[PDB]
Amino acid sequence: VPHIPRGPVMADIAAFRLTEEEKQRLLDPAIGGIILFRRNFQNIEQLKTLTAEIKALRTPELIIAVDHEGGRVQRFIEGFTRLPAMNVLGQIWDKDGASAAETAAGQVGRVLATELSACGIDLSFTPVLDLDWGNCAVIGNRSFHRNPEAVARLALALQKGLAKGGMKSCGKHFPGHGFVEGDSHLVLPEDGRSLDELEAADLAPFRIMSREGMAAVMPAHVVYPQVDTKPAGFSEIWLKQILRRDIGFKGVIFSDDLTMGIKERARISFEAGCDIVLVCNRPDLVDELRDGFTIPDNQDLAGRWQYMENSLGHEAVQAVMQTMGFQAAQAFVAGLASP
């Protein structure tokens, strides 16, 4: 089994099992991980086979991720506990108070991560830390709450739950996607607010999560003209000056999906301060990108990938899932997802 460092590109796969073409593509040194989607899921046993064959190609093993946020963002349904939307936890905060909501968030995190860990997944791209300003449909009910304190505290509780399931957290979408409108038209409108306004609200959950060991951040494809004319994901000011130096974040900075040529788009992401670029739904663009690709010099990259590897072994996870307390967490979380 070839020993190749994990490269700075996260790619994806077409269907339920790897094809030979996909195997050769995943051997490229540009690639360090894979993101899975609903089209990659048939059942639990197929999924375990898929993640095993991805893992068997090379060492260090390719990091595997998925979007399991809850509600209308949960790729794998059949055989998993149905997860509630994150705004349901914010509704519990308003109705039954902070303590009940935090406890609920902890259980959602635990269930979410553990069930994925059992299938060979390393990481879910969660939580959303965007604030519910009542402006952005594409975020919508994926946001915990309007109030930065509720978001911060619900996210921290979810994070602790994720860690019990073996996973780190990935906060999104830095520095805050909640204020802009985002619905039926495909252009990214500006967020015209000042840095002071963002520090008072949208940035606070990111600061707090960073301090408490958040492993990864994904930037917003949003321009904040009072801070920089570039979108956050392509901005040295946002990613190096604000996120790295001022906030002190030491983890992975993912790019969002750069499909939206690709070589230049990836270059500007890396120059801005992203560690890893995501290229989804477009194996052609991954092939274009990797051909003659120069891996940017990033001495921190290997450790940043390895921090995201799942912390639970296969047997350890099978043991936790037989416990009465985990089975009770499952039933509790399932109940939050139904009326």
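The numbering used is simple: start at 1 and walk along the sequence shown.
Judged by the one-third criterion across other entries of this protein, residue 260, though modelled here, is missing from at least a third of those that model both its neighbours. Residue 157, modelled here, also has coordinates in every other compared entry of this protein that models residues flanking it, well short of the third needed to call it frequently missing. The deposited sequence places 4 to 9 unmodelled residues between residue 260 and residue 261. Higher average CA B factor: 324-332, of the stretches 324-332 and 7-15. Between 245-253 and 141-149, the higher mean Cα B-factor belongs to 245-253. By the numbers in the PDB entry, the CA B factor is greatest at 185 among 185, 75, 173, 110.
Ranked against the other modelled residues of its chain, the C-alpha B-factor of residue 306 as given in the entry falls in the highest third.
For residue 69, the recorded CA B-factor ranks within the lowest third of the chain. Only modelled residues enter the ranking. In the deposited entry, the Cα temperature factor of residue 299 sits in the top third of values across the chain's modelled residues.
Ranked against the other modelled residues of its chain, the C-alpha B-factor of residue 177 as given in the entry falls in the lowest third. When all modelled residues of the chain are sorted by CA temperature factor, residue 213 is found within the highest third.
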